[PDB]
Amino acid sequence: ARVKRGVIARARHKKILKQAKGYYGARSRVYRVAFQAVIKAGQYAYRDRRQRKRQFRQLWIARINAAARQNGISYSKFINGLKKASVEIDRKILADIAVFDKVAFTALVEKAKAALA
Amino acid sequence: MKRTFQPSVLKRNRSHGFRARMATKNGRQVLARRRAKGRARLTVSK
Amino acid sequence: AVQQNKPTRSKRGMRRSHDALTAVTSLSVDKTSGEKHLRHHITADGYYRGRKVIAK
Amino acid sequence: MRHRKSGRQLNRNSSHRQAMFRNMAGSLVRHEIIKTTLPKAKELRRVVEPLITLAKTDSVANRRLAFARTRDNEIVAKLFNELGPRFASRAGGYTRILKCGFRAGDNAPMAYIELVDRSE
Amino acid sequence: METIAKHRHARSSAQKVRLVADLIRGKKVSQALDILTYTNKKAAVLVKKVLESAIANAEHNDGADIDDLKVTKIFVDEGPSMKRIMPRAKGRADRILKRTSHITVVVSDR
RNA sequence: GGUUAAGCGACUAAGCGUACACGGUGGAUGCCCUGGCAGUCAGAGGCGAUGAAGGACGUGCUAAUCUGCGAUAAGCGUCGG
RNA sequence: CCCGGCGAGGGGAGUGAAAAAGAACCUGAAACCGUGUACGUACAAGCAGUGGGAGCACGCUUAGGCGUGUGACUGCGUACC
RNA sequence: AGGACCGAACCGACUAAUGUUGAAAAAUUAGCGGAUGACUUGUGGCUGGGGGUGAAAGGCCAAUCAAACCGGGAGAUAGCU
RNA sequence: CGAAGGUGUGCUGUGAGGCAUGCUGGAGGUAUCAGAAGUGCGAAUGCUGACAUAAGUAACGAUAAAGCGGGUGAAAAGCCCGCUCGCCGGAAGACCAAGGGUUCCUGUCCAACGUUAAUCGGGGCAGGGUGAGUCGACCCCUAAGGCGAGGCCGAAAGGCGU
Ligand SMILES: [Mg+2]
Ligand SMILES: [Mg+2]
Ligand SMILES: [Mg+2]
Ligand SMILES: [Mg+2]
Ligand SMILES: [Mg+2]
Ligand SMILES: [Mg+2]
Ligand SMILES: [Mg+2]
Ligand SMILES: [Mg+2]
Ligand SMILES: [Mg+2]
Ligand SMILES: [Mg+2]
Ligand SMILES: [Mg+2]
Ligand SMILES: [Mg+2]
Ligand SMILES: [Mg+2]
Ligand SMILES: [Mg+2]
Ligand SMILES: [Mg+2]
Ligand SMILES: [Mg+2]
Ligand SMILES: [Mg+2]
Ligand SMILES: [Mg+2]
Ligand SMILES: [Mg+2]
Ligand SMILES: [Mg+2]
Ligand SMILES: [Mg+2]
Ligand SMILES: [Mg+2]
Ligand SMILES: [Mg+2]
Ligand SMILES: [Mg+2]
Ligand SMILES: [Mg+2]
Ligand SMILES: [Mg+2]
Ligand SMILES: [Mg+2]
Ligand SMILES: [Mg+2]
Ligand SMILES: [Mg+2]
Ligand SMILES: [Mg+2]
Ligand SMILES: [Mg+2]
Ligand SMILES: [Mg+2]
Ligand SMILES: [Mg+2]
Ligand SMILES: [Mg+2]
């Protein structure tokens, strides 16, 4: 029962080369290089599903700090005052409100200040 | 330079020719082997 | 002496970016015969400025 | 460097250069128009025109100098009996170089070099 | 109307012929014939023959004119390589490739 | 509106990249078997001085090679199909 | 029939179901080499991706922060055995 | 007279440079040694692998030599990579 | 009324994968459940073929040397003719042996071969060409040496030798 590999091997290599579209040079053309490129891309994507959550919170916090300091308070005191006021709004929403509704964020700041007062 | 092959047809045929092969039991077995392999040219000869 | 890595398609074409040929910018036109010719060269028919300079 | 130096080497030794321009000068005088490479034609001016200059004064010494420079007495005769008189009033410029394109075998820039009054 | 001519299996590397083919791409046909006449390359002899044939093809088979014809597409592909053996010092053999090329010119009016 | 100033600023691609389309090179893949592999059942188990095995040369309306043949030379006779 | 050198090669015409089956001939992958189009790229430093992400181009939809391609800028990041 | 002297052919190969993917798997160029002899050369012949031959270098025995080449034992064995 | 295969797309599964379908292709394919394996490759300085890179780079093989005119031709530095030039000349000339074997001559062709072009060629195709009593071989004679009737010797093969 002699088994030839051509059909399965072509399909196995095509699957990798399709995943490598857009990559520079041999990384999009050459299986040996493309397989390594696609694996490392998956390793990075796994890693960056985690870093994406760190990076966005880093961005949300930076915008809250900017908006808060424009309303006379640092991020750290603002987060504390909101905890003392039992506000459970998270960083993704506070940062969206800081940009898109600057009057509502100012109201959140005077609530935070009131709780520290 | 003088290279190793210096052709002489007399010496070619006395060393490796048909009758030189047929002269000995072991040369006759050379021809047998080359017949068994199906050699077109059994010997050097001509 | 020799390369430690295969240069790419790209670096090859960058080196060949100065290999393009220059087309002859314009051809001159003889006053007498109308022939196009290389400037300061005679025509195929043997004319030059307006003179037939070659026997044939 | 080559500052202020004249003479094309033409990838030859001196002796080949002298021999060939002697042959080329004779061939130009004989036929009055020759096709050659452009740098060889430009150097032939510096060989043929002093000959025609010398041939304006017919004297046994001058025919012998020309023979020394040509080694062909058909050329001496034509120089001294035809070209000397024809160019007796011309103050130089006995030759004309006509650029004529490029040679098939080597793409050498080619030129015709004429005597200026061929009148075939 | 797109009219095609090709020199297939031309004895020249595609790199060499591409130098010439890049001179006449997108040009009026009479202009291209002038450029090729005064381009000192063996490839310009090969490309001119193809362009001349495409022109005649366009007349004889595909219409008329000449003056409205432009070199719309011109490319040179690599053809099969002839493999030869160049001996080098110390019994070392070197397989030299004698590259060939397919030249194609597409002349067109519209 | 004009000038001047001061900010900011697209449009370049010699060439290169990625993607797509169309091609070239190349001859994988699939499909195919006049060829091979392994067996089973039966046969025949030797050829040769009545000149073998194997060859050389020749042989055609034939220039070559292959096959066949051997100066009766891709064939002769005879008996059968 | 036409270009071509009474070439090679090609374009037509015709044969054929098919010539994108034309003898370099079934299918015709990949590396590799090209043409064309879109986007990017000439103040920019590193495994060349990944996460984020404008702009541009291109197809949808009926507004709808959807698809495709490209990818400035930016976080992270020194291949495989 | 001469294993005499100088020196071409001829036989060699002391030095240098070139060459080192060479023009050449040992050469070229300039010089160098022998050059009537223990010389050199043609044609043929003999010596065969633990054997030959060796004015002896383990040298040479078909670009292979502290045991040639070819085929076989043979898919030696490989606690190693 | 379009099989395998090739090439895209879309969907789908935790994964190896699967399903559908456009295009190409033009005749095979195969559910299911079982069964058997030359059953899966990226590496082995792996093997074979193809194709890259360096790179249009080094090099084009003695530094005896070319120049012009004419001719032929699609095209001429290289072919033919001619005039000069230069090189060898105890050879780089001439006649052979050895070896090779048609490379000889003529016509014709220029794909490949020729380190370039080629109209030229020891290249391709075709045709022609080698004439012996005296040259040489064969032949007669032998050398070294070889084979060797019988023979002597030797497990066999064989060895030596008249
Ligand atoms: Mg012998
Ligand atoms: Mg030079
Ligand atoms: Mg050699
Ligand atoms: Mg461009
Ligand atoms: Mg591009
Ligand atoms: Mg099947
Ligand atoms: Mg027989
Ligand atoms: Mg034709
Ligand atoms: Mg095909
Ligand atoms: Mg193909
Ligand atoms: Mg910039
Ligand atoms: Mg850099
Ligand atoms: Mg002496
Ligand atoms: Mg020598
Ligand atoms: Mg010497
Ligand atoms: Mg002496
Ligand atoms: Mg020792
Ligand atoms: Mg040896
Ligand atoms: Mg040993
Ligand atoms: Mg055996
Ligand atoms: Mg082993
Ligand atoms: Mg592995
Ligand atoms: Mg290589
Ligand atoms: Mg370099
Ligand atoms: Mg260089
Ligand atoms: Mg060079
Ligand atoms: Mg040479
Ligand atoms: Mg022949
Ligand atoms: Mg001849
Ligand atoms: Mg040609
Ligand atoms: Mg050639
Ligand atoms: Mg011939
Ligand atoms: Mg005996
Ligand atoms: Mg006996």
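Reckoned from all heavy atoms, side chains included, excluding hydrogens, waters and symmetry mates. A, B, ... follow the sequence lines: proteins, then strands. Residue 1 opens every chain.
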Whether E:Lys49 side chain and E:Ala44 backbone form a donor-acceptor pair below 3.5 Å:
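Between the backbone of E:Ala44 and the side chain of E:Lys49 there is no qualifying donor-acceptor contact (under 3.5 Å).
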Base, sugar-phosphate, or nothing for [X], non-hydrogen atoms under 4.0 angstrom?
X        : result
B:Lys25  : sugar-phosphate
E:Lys98  : sugar-phosphate
E:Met86  : base
E:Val45  : nothing
D:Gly105 : base
B:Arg41  : nothing
E:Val76  : sugar-phosphate
E:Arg8   : sugar-phosphate
E:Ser101 : nothing
D:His16  : base

Any chance the bases of neighbours G:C25 and G:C26 are stacked, by the 5.5 Å centre and 30° plane criterion?
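The answer, once centre distance and plane angle are checked, is that they do not stack.
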Can you tell me if [X] touches the phosphate of [N], counting only side-chain N or O atoms and a distance under 4.0 Å to OP1 or OP2?
X       : N     : result
B:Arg3  : H:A26 : yes
A:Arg5  : I:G40 : no
C:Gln3  : I:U53 : no
E:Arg88 : H:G22 : yes

Hey, is E:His7 stacking on G:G9? Ring centres under 5.5 Å, planes under 30°.
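Here E:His7 fails the 5.5 Å or the 30° condition.
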Is the aromatic ring centre of E:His9 closer than 5.5 Å to the centre of the six-membered base ring of G:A24, with the two planes inclined by less than 30°?
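Yes, E:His9 stacks on the base of G:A24.
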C1'-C2'-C3'-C4' for F:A71: north (positive) or south (negative)?
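Torsion sign negative, so south.
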North or south: which describes the sugar of F:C33, going by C1'-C2'-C3'-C4'?
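Since its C1'-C2'-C3'-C4' torsion is negative, the sugar of F:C33 is on the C2'-endo, or south, side.
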Quick one: closest heavy-atom pair of D:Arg86 and D:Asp117, and the distance?
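In this case the closest contact between D:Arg86 and D:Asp117 is NH1-O, 3.3 Å.
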Taking atom types as modelled, find out whether C:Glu35 and C:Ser33 have a side-chain donor-acceptor pair closer than 3.5 angstrom.
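A donor-acceptor contact under 3.5 Å links the two side chains.
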Is it the case that D:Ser15 and D:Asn13 place a side-chain donor and acceptor less than 3.5 Å from each other?
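A pair is found: one side chain offers a donor N or O, the other an acceptor, under 3.5 Å apart.
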Go along nucleotides 2-16 of chain I 5' to 3' and tag each nucleotide: B for a protein heavy atom under 4.0 Å from its base, S when only backbone or sugar atoms are that close, - otherwise.
---SSSSS------S
How does protein contact run along nucleotides 45-51 of chain G, one letter per nucleotide 5' to 3', with B for base contact, S for sugar-phosphate only, - for none, heavy atoms under 4.0 Å?
---SBBB
Looking at [N], does its base get a donor-acceptor pair with the side chain of [X] below 3.5 Å?
X       : N     : answer
E:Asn61 : G:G11 : yes
E:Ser53 : G:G11 : no
E:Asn57 : G:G10 : yes
D:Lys35 : I:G67 : no
E:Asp77 : G:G34 : no

Which residue is it: D:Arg96, D:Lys78, D:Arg118? I am looking for the one with a salt bridge (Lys or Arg N to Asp or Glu O under 4.0 Å) to D:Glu32.
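The single option meeting the salt bridge (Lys or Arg N to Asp or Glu O under 4.0 Å) with D:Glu32 is D:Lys78.
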Please name the nucleotide paired to I:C83 by Watson-Crick or G-U wobble geometry with both distances under 3.5 Å, or report none.
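Base-paired to I:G67.
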Please map the stems of RNA chain F, keeping only stretches of three or more Watson-Crick or G-U wobble pairs with both distances under 3.5 angstrom.
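Ordered by first number, the stems with RNA chain F (at least 3 consecutive pairs each) read F:15-24 with G:32-41, F:57-59 with F:68-70.
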Do the rings of E:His9 and E:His102 sit parallel, tilted or perpendicular, given the 30° and 60° boundaries?
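Rings of E:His9 and E:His102: perpendicular, as their planes differ by over 60°.
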How are the rings of A:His13 and A:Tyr31 set relative to one another: parallel (under 30°), tilted (30 to 60°) or perpendicular (over 60°)?
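Judged by the thresholds at 30° and 60°, the geometry between A:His13 and A:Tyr31 is parallel.
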